[PDB]
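Novice: Provided herewith is a single structure, encoded as structure tokens, for subsequent inquiry.
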Amino acid sequence: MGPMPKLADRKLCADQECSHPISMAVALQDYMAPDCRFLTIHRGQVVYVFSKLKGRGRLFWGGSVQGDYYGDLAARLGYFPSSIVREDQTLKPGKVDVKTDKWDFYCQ
């Protein structure tokens with residue numbers, strides 16, 4: 001909760017809308033979300049990668065988690081480390097460079 005220094009400047013997506021999932025990845029371990037823009041992922045969860053951050057944080061990725069809904073969840077997106085997931089299936093090529101804005105990386 002609050003404004004923190006951006007992990008990166010630009011990311012990669014399947015389209016300029018970043019509404020499509022680049023690759024479907026499986027979770028290998030547990031992860032706890034500290035800040036608002038982070039996502040909590042348990043070992044074995046299904047997580048879809050929507051954007052991959054590069055530059056200042058080429059090791060940090062982002063997307064949504066499929067499995068737990070009970071209301072919303074998969075609609076506000078989040079971020080997670082690449083080291084906790086393994087990509088084996090690509091649903092669409094992530095060759096669209098989209099930069100971030102003021103409203104990104106900011107929770108109220």
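Following the order of the structure tokens, chains are lettered A, B, ..., residues in each are numbered from 1, and ligands are numbered from 1.
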For residue 20 of chain A, find every residue with an atom within 10 Å (counting only C-alpha atoms), except residues of its own chain fewer than 6 positions away, and show them as number ranges by chain.
Specialist: A: 13-14, 48-51, 63, 91-94
Novice: Write out as a list in words the residues lying within 12 Å of residue 7 of chain A, counting only C-alpha atoms and excluding same-chain residues fewer than 3 positions away.
Specialist: residues 3, 4, 10, 11, 37, 38, 52, 53, 54, 55, 56, 57, 58, 59, 60, 61, 62, 79, 80, 81, 100, 104, 105 and 106 of chain A
Novice: Considering only C-alpha atoms, state which residue in the set A:88, A:72, A:101, A:9 is at the smallest distance from residue 24 of chain A.
Specialist: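 Among the listed residues, A:88 lies closest to residue 24 of chain A.
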Novice: Determine the nearest neighbour of residue 19 of chain A from the options A:45, A:40, A:83, A:64, counting only C-alpha atoms.
Specialist: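 Closest to residue 19 of chain A, using only C-alpha atoms: A:64.
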Novice: Point out the residue among A:70, A:6, A:47, A:82 with the least atom-to-atom distance to residue 102 of chain A, counting only C-alpha atoms.
Specialist: A:6
Novice: Kindly give the distance, in Å, that separates atom CA of residue 68 of chain A and atom CA of residue 43 of chain A, rounded to a single decimal.
Specialist: 13.6 Å
Novice: Near residue 46 of chain A, counting only C-alpha atoms, which residues have an atom at most 8 Å away, once you skip same-chain residues fewer than 6 positions from it, shown as JSON, numbers by chain?
Specialist: {"A": [24, 25, 26, 27, 65, 66, 67]}
Novice: Can you check which residues of segment 55-87 of chain A DSSP gives as strand (DSSP E or B) on the backbone and send them as a PDB file with N, CA, C and O atoms, in the first residue's frame?
Specialist:
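The resulting file, selection39.pdb, is reproduced below:
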ATOM      1  N   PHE A  60      12.042  -9.606 -12.871  1.00  0.00           N
ATOM      2  CA  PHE A  60      10.676  -9.458 -12.369  1.00  0.00           C
ATOM      3  C   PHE A  60       9.646  -9.537 -13.493  1.00  0.00           C
ATOM      4  O   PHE A  60       9.792  -8.905 -14.547  1.00  0.00           O
ATOM      5  N   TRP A  61       8.602 -10.324 -13.249  1.00  0.00           N
ATOM      6  CA  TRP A  61       7.520 -10.517 -14.210  1.00  0.00           C
ATOM      7  C   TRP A  61       6.189 -10.043 -13.628  1.00  0.00           C
ATOM      8  O   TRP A  61       6.147  -9.503 -12.520  1.00  0.00           O
ATOM      9  N   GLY A  62       5.110 -10.248 -14.385  1.00  0.00           N
ATOM     10  CA  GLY A  62       3.790  -9.837 -13.941  1.00  0.00           C
ATOM     11  C   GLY A  62       2.683 -10.555 -14.685  1.00  0.00           C
ATOM     12  O   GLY A  62       2.905 -11.088 -15.775  1.00  0.00           O
ATOM     13  N   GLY A  63       1.491 -10.568 -14.090  1.00  0.00           N
ATOM     14  CA  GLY A  63       0.351 -11.226 -14.700  1.00  0.00           C
ATOM     15  C   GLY A  63      -0.770 -11.474 -13.711  1.00  0.00           C
ATOM     16  O   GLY A  63      -0.907 -10.745 -12.724  1.00  0.00           O
ATOM     17  N   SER A  64      -1.570 -12.506 -13.982  1.00  0.00           N
ATOM     18  CA  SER A  64      -2.693 -12.867 -13.122  1.00  0.00           C
ATOM     19  C   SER A  64      -2.617 -14.341 -12.730  1.00  0.00           C
ATOM     20  O   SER A  64      -1.939 -15.127 -13.391  1.00  0.00           O
ATOM     21  N   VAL A  65      -3.310 -14.706 -11.647  1.00  0.00           N
ATOM     22  CA  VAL A  65      -3.315 -16.088 -11.161  1.00  0.00           C
ATOM     23  C   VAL A  65      -4.690 -16.735 -11.340  1.00  0.00           C
ATOM     24  O   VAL A  65      -5.693 -16.239 -10.820  1.00  0.00           O
ATOM     25  N   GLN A  66      -4.718 -17.853 -12.070  1.00  0.00           N
ATOM     26  CA  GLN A  66      -5.954 -18.593 -12.313  1.00  0.00           C
ATOM     27  C   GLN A  66      -6.124 -19.701 -11.274  1.00  0.00           C
ATOM     28  O   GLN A  66      -5.179 -20.442 -10.985  1.00  0.00           O
ATOM     29  N   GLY A  78      -1.014  -8.269 -10.959  1.00  0.00           N
ATOM     30  CA  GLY A  78       0.014  -8.196  -9.929  1.00  0.00           C
ATOM     31  C   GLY A  78       1.386  -8.544 -10.474  1.00  0.00           C
ATOM     32  O   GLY A  78       1.536  -8.746 -11.679  1.00  0.00           O
ATOM     33  N   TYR A  79       2.390  -8.610  -9.593  1.00  0.00           N
ATOM     34  CA  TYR A  79       3.758  -8.935 -10.006  1.00  0.00           C
ATOM     35  C   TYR A  79       4.318 -10.098  -9.192  1.00  0.00           C
ATOM     36  O   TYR A  79       3.916 -10.319  -8.043  1.00  0.00           O
ATOM     37  N   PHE A  80       5.243 -10.844  -9.811  1.00  0.00           N
ATOM     38  CA  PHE A  80       5.873 -12.008  -9.179  1.00  0.00           C
ATOM     39  C   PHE A  80       7.261 -12.286  -9.794  1.00  0.00           C
ATOM     40  O   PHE A  80       7.478 -11.977 -10.968  1.00  0.00           O
ATOM     41  N   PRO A  81       8.226 -12.872  -9.025  1.00  0.00           N
ATOM     42  CA  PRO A  81       9.573 -13.175  -9.539  1.00  0.00           C
ATOM     43  C   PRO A  81       9.562 -14.355 -10.508  1.00  0.00           C
ATOM     44  O   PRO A  81       8.826 -15.322 -10.312  1.00  0.00           O
ATOM     45  N   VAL A  85       8.406 -19.409 -11.013  1.00  0.00           N
ATOM     46  CA  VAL A  85       7.588 -20.053 -12.046  1.00  0.00           C
ATOM     47  C   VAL A  85       8.442 -20.680 -13.145  1.00  0.00           C
ATOM     48  O   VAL A  85       9.627 -20.367 -13.286  1.00  0.00           O
ATOM     49  N   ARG A  86       7.813 -21.557 -13.928  1.00  0.00           N
ATOM     50  CA  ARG A  86       8.477 -22.234 -15.035  1.00  0.00           C
ATOM     51  C   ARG A  86       7.571 -22.232 -16.263  1.00  0.00           C
ATOM     52  O   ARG A  86       6.482 -22.821 -16.243  1.00  0.00           O
ATOM     53  N   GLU A  87       8.023 -21.555 -17.320  1.00  0.00           N
ATOM     54  CA  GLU A  87       7.258 -21.458 -18.562  1.00  0.00           C
ATOM     55  C   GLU A  87       7.592 -22.610 -19.501  1.00  0.00           C
ATOM     56  O   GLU A  87       8.756 -22.818 -19.856  1.00  0.00           O
TER      57      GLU A  87
END
Novice: My list of candidates is A:97, A:42, A:21, A:89. Which is closest to residue 77 of chain A when distances are computed with only C-alpha atoms?
Specialist: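 Between A:97, A:42, A:21, A:89, the residue approaching residue 77 of chain A most closely is A:21.
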Novice: Could you please determine the separation between atom CA of residue 18 of chain A and atom CA of residue 75 of chain A in Å, to one decimal place?
Specialist: 12.8 Å
Novice: Just give me the gap between atom CA of residue 17 of chain A and atom CA of residue 98 of chain A in Å, one decimal is fine.
Specialist: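 Separation of atom CA of residue 17 of chain A and atom CA of residue 98 of chain A: 8.5 Å.
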